[PDB]
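Single chain ahead, by itself, as C-alpha cells, in the form deposited in one PDB entry.
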C-alpha cells in the first residue's frame, strides 16, 4: 500500500501544478496549504511572525494549545478561523523540533484532529462541508 501512496501523491502534485485535481479531497488539502501560506503572511505583516511569537514552556504545550484554540472559537466559527487553527498548529510543530521537542509533533496532530472532529466538524457540515471552503479559496 506504501507504493500506491507514492503514486497517488506526485500524481496529485503534478495535476495540481496544471490547475487540476486528483480528487476533491486533494483539492481541500491543496486549498488549505495555500490558505495557510497566505494567512501566515498577512499575520506576519500585520504583527510578528507567528512562529517567533511561540515560546513553549516544557510540559505546558497542551494547556498552551487548548487555551488559544478555545479562545479562537469562543464566540463562533468561520473558515478564516479554521485556517488560523491549522496555521497555529503548524507553527507549534515548527516551534517544537526547533527546541528539540519532536515528541510533541504527533501529540499536536492528535490535539488538532480531535478538536476538528468533535468541535469544528458539526459547523463544517451545516455550512456546506469542505467542498464549500474550496470554492471560496480557489
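Heads up, when I say rigid core I mean the largest set of C-alphas that superpose within 1.5 Å between the two forms. Residue numbers count along the first chain shown, from 1.
The form deposited in another entry is left out here; the points below concern that form.
J.: Once you align the rigid core, which of 50, 82, 112, 69 turns out to move its Cα at least 2 Å between this form and the one not shown?
T.: Going through each option, the one that shifts is 50.
J.: Over in the other structure, so in the other entry, do residue 61 and residue 40 pull closer or drift farther apart at the C-alpha level? The difference is 3 angstroms or more.
T.: Result: farther.
J.: Tell me whether residue 50 and residue 98 end up closer or farther apart in the other entry, going by their C-alpha atoms; the shift is 3 Å or more.
T.: Farther apart, which means the C-alphas of residue 50 and residue 98 are at least 3 Å more distant in the other entry.
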